[PDB]
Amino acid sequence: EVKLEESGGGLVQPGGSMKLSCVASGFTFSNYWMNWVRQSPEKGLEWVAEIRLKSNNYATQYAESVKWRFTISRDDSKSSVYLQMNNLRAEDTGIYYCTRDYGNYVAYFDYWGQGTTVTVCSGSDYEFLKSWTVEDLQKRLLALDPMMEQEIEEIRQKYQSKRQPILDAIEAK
């Protein structure tokens, strides 16, 4: 019955803002410390913030790379923990997990959520397409969809070549 469900991720432009939400169910939310953990293919797993209980005055801790930019908060009445994110940069892109500590000074993240994705665009093409002609910008825009479909089909074709050896093994049984 213990479940954590995140929400609020999406696409952000460089320097933008975003607020994530994580609702809890199946346990007494007010008794457990909560955290935010993010994952990126480049930096791996990264702990973001920690919020304690009302007895500890809802004390918070942050990683240095996010201090003064991110703010963790909780509402025990709604059994929810939030993460307000300001001046988002491309490095902040990743899957953001909301986690709960086991407690009793024994163990940490025993229950994670499914995670929400935060995509912060770089802004490099902004300082390179500005000198382009409007006619070439329109042709570049109309070529995006077939370009994306080409990379997607490569992934599907790769996964077909990884499924057939398995599928042939169950067949040979």
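The numbering used is simple: start at 1 and walk along the sequence shown.
- The deposited model assigns a higher average Cα B-factor to 120 to 128 than to the other stretch when 102 to 110 and 120 to 128 are compared.
- For residue 95, the recorded CA B-factor ranks within the lowest third of the chain. Only modelled residues enter the ranking.
- Residue 165 sits in the highest third of its chain by CA B factor, as recorded in the PDB entry.
- In the PDB entry, residue 11 places in the middle third of its chain by CA B-factor.
- Among the modelled residues of its chain, residue 65 has a C-alpha B-factor that falls in the lowest third, as given in the PDB entry.
- Remark: residue 39 belongs to the lowest third of its chain, ranked by C-alpha B-factor as recorded.
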